[PDB]
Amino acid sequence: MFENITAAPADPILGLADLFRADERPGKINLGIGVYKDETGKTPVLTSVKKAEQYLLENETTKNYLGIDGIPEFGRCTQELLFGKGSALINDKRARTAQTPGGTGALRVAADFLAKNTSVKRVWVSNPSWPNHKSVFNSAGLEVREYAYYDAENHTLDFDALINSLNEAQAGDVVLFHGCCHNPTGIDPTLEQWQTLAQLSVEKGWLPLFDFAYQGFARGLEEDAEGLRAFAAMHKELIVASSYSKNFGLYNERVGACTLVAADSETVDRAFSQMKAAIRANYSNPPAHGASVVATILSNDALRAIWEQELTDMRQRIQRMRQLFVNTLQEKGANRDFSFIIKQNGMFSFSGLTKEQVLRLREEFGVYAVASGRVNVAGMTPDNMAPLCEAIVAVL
């Protein structure tokens, strides 16, 4: 049965990680990482998370299965983060949330739900996007089409190209939007651009699918949800796939949510029953530990305060590294405008380096980025900034 199976394309992350490991050079630097790292190069467990885990160890009396949609408090706190406390969508009971194994799990549950229960055949994704988006939608049998996004000349959002591309989208197609901290570019629509897109989506009959993996990493929890909320004000229906992997540092516990919104309670409940069916036939019910940590934190004033500060600390360290990177490149004689880095949001940006410059950085200087030139600014520290920037200047 298996003798003729073709191997999956080589895993580019890992391999990049593998090459980094094998590199014997002192002063090697890994900007190809997916996760947040602090000033010491660690990805620690958040203190709020450790406190919540201690509480669960002390208080849990069973591991009895959660419902298909997971912990009710997790769903409620999730909807409040997304839509705001006192949102009409919440008051009108127009939203239902399933706790999922990570953002990826949320996207796949959305995809399976759409493939099996609707006429959706096609999902529109930005060029560029997280590479796994295509894999997830394709796995559910959905076609993926790309819309223009990145102006490589000006390192900004090519808003005209975006709108023009999306004119090819038919009514009933899904359009995927990154809620904030676009991956890989860090370029997000302004509120007015979000509002323009919200109106256009209503007019054209697109089903919006928001992917919200970085809430809090751009400007703040509420500000980062403005785009979503602009859409939610205008649409009867949408879906949100969210992730707590980065903003709680809960990567490996697989903590996310798929939130379904419809015109009214009757309709969302009926549709959600099929979303639960899609979950039941996939992983049955979701993993408790990580989501329980999230619910415990979000629902407790003390823990939530500690967590919000920890998130702020991450967001601020990222911003500081963006500023330090631009300053240091200027001071090391780059003689070229990198100011776009300060205005971009989250861990990721395109450096503007070519694939060959990236290869040269790895081979000659032991500086590792993704082949697209995407860099994780959280891989930068005050201590590694100078040699990193000297390496970059050398390949310009």
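Counting begins at 1, following the sequence as shown.
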Looking only at C-alpha temperature factors in the entry, 223-231 or 157-165, the higher average sits in 157-165
Stretch with the higher entry mean CA B-factor, where the candidates are 274-282 and 77-85: 77-85
Could you check 35, 334, 31, 45 and tell me which one carries the biggest Cα B-factor in the deposited entry? 334
Lowest, middle or highest third - CA B-factor, residue 39: highest
Third assignment of residue 66 from its chain's C-alpha B-factors: lowest
Among the modelled residues of its chain, does the C-alpha B-factor of residue 237 lie in the lowest, middle or highest third? middle
Sorting the chain's modelled residues by C-alpha B-factor, tell me whether residue 363 ends up in the lowest, middle or highest third. highest
Temperature factor at the Cα of residue 299, chain-ranked in thirds, falls in the middle
